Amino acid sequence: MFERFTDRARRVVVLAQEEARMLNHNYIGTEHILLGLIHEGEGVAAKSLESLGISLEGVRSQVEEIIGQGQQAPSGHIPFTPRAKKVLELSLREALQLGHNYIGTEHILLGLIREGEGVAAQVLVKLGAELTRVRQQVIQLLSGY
């Protein structure tokens, strides 16, 4: 399932799980993948989001306002929302189309933007980062060579 992921992209998912757990969330949603992307820091996704002033604390706070903390931290494995799974499926399609054999942070963010209709998307907009501008930042950073 994560065989195609880069090392950094694996950390994104692992950190997404813990972001969900910290909020006593019962699923890893798109917003937790967003947090995992920021958390990684060195990837194209984090750089793109940082350039648009999208911060870890900004996102966590929005998530808390929109979703709110759950009552019980889950133990062990937290499943993906259907939407988050769709984002990861789309992440593969992004990587394939761009001619990569691996899924990197860039592809996860492009996948997330492409889905464009869950909590992550809601958060981004609330924070002033329109989805097209997020995608543009990612493409620009991938186009500088």
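Residue positions are given as counts along the sequence shown, with the first one as 1.
- Per the PDB record, of the two stretches 45 to 53 and 96 to 104, 45 to 53 carries the greater mean B-factor over its C-alpha atoms.
- Just going by the entry, 123 to 131 versus 14 to 22 on mean CA temperature factor gives the higher value to 123 to 131.
- Set against one another, the Cα B-factors of 67, 28, 35, 90 in the record reach their highest point at 67.
- Among the modelled residues of its chain, residue 79 has a C-alpha B-factor that falls in the lowest third, as given in the PDB entry.
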